[PDB]
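Q:
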RNA sequence: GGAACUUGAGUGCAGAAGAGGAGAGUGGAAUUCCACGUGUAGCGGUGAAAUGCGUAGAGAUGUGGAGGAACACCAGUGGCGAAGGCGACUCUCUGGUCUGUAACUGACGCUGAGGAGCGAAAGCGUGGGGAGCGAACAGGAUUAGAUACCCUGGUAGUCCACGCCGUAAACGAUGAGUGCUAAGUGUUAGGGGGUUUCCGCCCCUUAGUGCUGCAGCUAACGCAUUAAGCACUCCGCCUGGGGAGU
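Chains as they are written, first to last, in PDB author numbering: chain k, 1 to 95; chain m, 2 to 132; chain w, 9 to 79; chain C, 2 to 276; chain t, 2 to 89.
#1: Taking only three categories from DSSP, how would you classify residue 271 of chain C?
#2: Could you work out which residue in w/73, w/19 and w/10 is closest to residue 52 of chain w when comparing CA atoms only?
#3: Applying a beta-carbon distance threshold of less than 7 angstroms, which residues of chain k neighbour residue 52 of chain w?
#4: When burial is assigned at 16 or more other CB atoms within 10 Å of the CB, is residue 61 of chain k buried or exposed?
#5: Out of w/59, w/46 and w/65, state which residue places its alpha-carbon closest to the alpha-carbon of residue 12 of chain w.
#6: In the stretch 62-89 of chain k, which residues sit with their C-beta less than 7 angstroms from some C-beta in chain w, listed in chain order?
#7: Listed from N- to C-terminal order along the chain, which residues in the stretch 57-78 of chain w have their beta-carbon within a distance smaller than 9 angstroms of any beta-carbon of chain k?
#8: Specify, as a first and last residue, the run of the beta strand (DSSP E) that residue 12 of chain m falls within.
#9: For residue 9 of chain k, list the residues DSSP reports as bridge partners.
#10: Can you tell me whether residue 69 of chain w is helix, strand or coil according to DSSP?
#11: In three-state terms, what does DSSP make of residue 255 of chain C?
#12: Do the stretch 65-81 of chain C and the stretch 114-123 of chain C meet, that is, are 3 or more Cβ pairs less than 8 angstroms apart?
#13: Any C-beta of chain w within less than 7 angstroms: which residues of the stretch 4-23 of chain k qualify?
#14: Can you list, in chain order, the residues of its chain whose CB lies under 7 angstroms from that of residue 108 of chain m, leaving out five sequence neighbours each side?
#15: Taking 7 angstroms as the CB-CB cut-off, is residue 19 of chain w touching chain k?
#16: Can you grab the Cα-Cα spacing for the pair residue 55 of chain C / residue 86 of chain C, in whole Å?
#17: Compare the C-beta of residue 49 of chain k with all C-beta atoms of chain w and state if any pair is closer than 7 angstroms.
#18: Is it a yes or a no for the stretch 65-78 of chain k touching the stretch 23-35 of chain k, going by three-plus beta-carbon pairs under 8 angstroms?
#19: Tell me the DSSP secondary structure of residue 260 of chain C in three-state form.
#20: Quick one: what's got a C-beta closer than 8 angstroms to residue 60 of chain t's C-beta in the same chain, skipping five residues either side?
#21: When the Cβ atoms of the stretch 259-276 of chain C are set against those of the stretch 239-247 of chain C, are three or more pairs found closer than 8 angstroms?
#22: I'd like to confirm the pairing. Which residues does DSSP put opposite residue 82 of chain m in its beta bridges?
#23: Taking the C-alpha atoms as reference points, what is the distance between residue 59 of chain k and residue 12 of chain k?
#24: According to DSSP, residue 35 of chain C sits in a beta bridge with which residue or residues?
#25: Tell me the residue span of the beta strand (DSSP E) that contains residue 47 of chain m.
#26: If we define contact as Cβ-Cβ less than 7 angstroms, is residue 27 of chain w a contact residue for chain k?
#27: Answer yes or no: does any C-beta atom of chain w fall closer than 7 angstroms to that of residue 36 of chain k?
#28: What is the rounded straight-line gap between the Cα of residue 83 of chain k and the Cα of residue 43 of chain C?
#29: By how many angstroms is the C-alpha of residue 23 of chain k removed from the C-alpha of residue 74 of chain k?
#30: Take residue 39 of chain w and list the residues in its own chain whose beta-carbon comes closer than 7 angstroms to its own, dropping the five residues that flank it on each side.
#31: Using the Cα positions of residue 63 of chain w and residue 75 of chain w, report the straight-line distance between them to the nearest angstrom.
#32: Considering only residues of the same chain and omitting the five flanking positions on each side of residue 1 of chain C, which have a CB-CB separation below 6 angstroms?
#33: Under a three-way DSSP split, which group does residue 82 of chain C fall into?
#34: Three or more C-beta pairs under 8 angstroms: does that hold for the stretch 59-67 of chain m against the stretch 81-92 of chain m?
#35: How is residue 219 of chain C classed by DSSP in three states: helix, strand or coil?
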């Protein structure tokens, strides 16, 4: 087991309820993977120097979890299936 | 890789002659201290003194130097070497550099100078020549 | 002989940063040309500059900083 | 894998066969077996519309619902079986209903893996869900042209297809050899390219294996008598002197388009002939 | 990796002493575990030529250490290779 | 051969960084093509030109889409790796190196014919890919001739996957290991200390690596604690040129 920090972007235009749906979904997946919570923060809306698909800005969101080591391998594709999410990255925590 | 401590001590004393430092250190062995005592008898070197530290070592050798500059020894070489055994019958031993030079020949009676070896009529391995 | 102008100013108030979570200091590292400043100005040791390099690349992955802009 | 044969005989010198590693059980389930009388390529009138057909080994059809009309019901891959009828291997799948239906088998499937036929099903291989829910660029197989008709597209082994993107009407698709069509968005399709890609690499190695296929030999056209074939006649290996290489039927074959210039499918052809 | 707990378990089982951190026993044991993991790693990818030559070097190490162990105490050696099941 | 020792060596503990290897995913810029908008006689190329592209509306510009290849700037006689060689990012597995009190093993070391593996680029076999670049080749120029240097194109190749081939100025034209031998001035990562909480200055000690130079070596050029210096151990190799690496 090891620590992990993860960032991901959700769509700026999304309705707050649907945002609650995708966040409870990402949390249910994150706990399905056995990734224990350590801490989290909400960067929220921020302007972008460049668009990814088209959007001029995005909702940043981050999590910090103690976990495998096996889970990220399943978490990535499940982070790929959703059209609502834009980008996701999982960096190891070794400050 | 430390193939032979004695030849190493010989390149130590030769390099020491080249650098003209007053003294240098060598790891201990009775084989080394005996021939060093032989050089002490020959007088080419001023003094040798061991200093104990666990386990082996460390001898400190003081090079002698002439009153009018000049290296005390004009040459030094170890004819004996691993991968090429050498032997010498008691009458067969050369008198290197004629009368000035002396052989260092280990024998059954112990390490001996070519004069003492000729007197004892005892042959043995020729460790090195110094001149 | 010898001293560099505008050297470091990081180890003096470091260290272990960031690795990339901050945006303000990375905004300090970026040039008007949008590229990382040379060690001749930044003053950092090459290891710190390279860890900083991979860190800012991670920031570009975070899209926290521009990849390219006007000069 | 491919098991090369040692040249113990002249027919052994080139012949090769597939590993059959995917196969699990020696025999098909009795319930879904169907008869296959061999027409031999003859018309119902009795005349042979198609040249050099028939004379092959006897075959027995296994029922296969490409349509996958049921949905929301999880399945399970119990076994995989050889299919004489086509290059693609068949993999039996047990539904939670207790229903059993042979189904087309994409490579990399494992025994006992769950498979849902519903819209809510996961992208994971063996699943079949409607194109609207399909993410762009994922490989897809057994695509239907219309819902409820079955997936005529991409049934042969080793073939694949990809989505270039989609609108409400219609979803784009990359058909094999690069051709593209706006297939209906409502229409169902199955993710994951068909397995047995090694079938193309198989070498027959003798005239005798062809008889079992059974691919009957085709006489070269120049050898044929002039009354029977346009390229016939001449005093031994006649040059294709006559203008425009030709079929025994009057239409030219080399580079001559056989397409109807006016067709209902012409509107759907966003792209054609990439070569 | 191997994980640190597995090392602590692997060492204590084979020590001739309460604090025998060294010894050809424990050395050839830890190197054996490294050989097994690296061998499985070679099985995962045949393209790992560097892991392969490194494995050859570690085989040189095990061969030299077991050779000297044959040179010293044959009884401890046969008991050890019987314990591990290795060596021809 | 018996009995011992830790300094050679190995292992451990506590740390240190590295384009090290392989697998998977992902990134943005640009070239090119396609689609449309805009707008019109040039565009492109050379020493000069012409071939070539363009009123069937190019080039240019705006937007969108597609595909492949490479990773700018960071980047540094920087780093890693045995060599060859490795330069976007993330993750997965994993090799190697260095430092430090110091625990343990107590010579368990070095080299190494045969043998085995790796091994640039080009090439060959099979299946894919092919944006650009580009042998062969086509055309236009240059010239007495131009089977070239130049330009406009362009196949194989260059790319991937599974194999073969095992050649390079594969060079540092300097084999590997170890000991010793003035120094100096940087850097690459560590360790200790002498004031200072720190910052930071100073001194010392390891290993990597750049240059300048004392002794010493030299046909000369030069080398020079990274010897080609003084010594040791082992392997490879040389015996006039051409004929002939035939």
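Ideal Cβ positions, reconstructed from N, Cα and C, are used throughout, including at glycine.
A: Inspection of the coordinates gives the following:
#1: strand
#2: w/19
#3: What residue 52 of chain w touches in chain k: nothing, since even the nearest Cβ is about 17 angstroms away.
#4: buried
#5: w/46
#6: 89
#7: 66, 69, 70, 71, 72, 73, 74, 75, 76 and 77
#8: Not the beta strand (DSSP E): residue 12 of chain m falls in the alpha helix (DSSP H), residues 6-20.
#9: k/60
#10: helix
#11: coil
#12: yes
#13: 7
#14: 118, 123, 124 and 125
#15: no
#16: 13 angstroms
#17: yes
#18: yes
#19: coil
#20: 36
#21: no
#22: m/85
#23: 6 angstroms
#24: C/62
#25: 46-51
#26: yes
#27: no
#28: 52 angstroms
#29: 17 angstroms
#30: 45
#31: 14 angstroms
#32: Here chain C covers residues 2 to 276 and nothing more, so residue 1 of chain C does not appear.
#33: strand
#34: no
#35: coil
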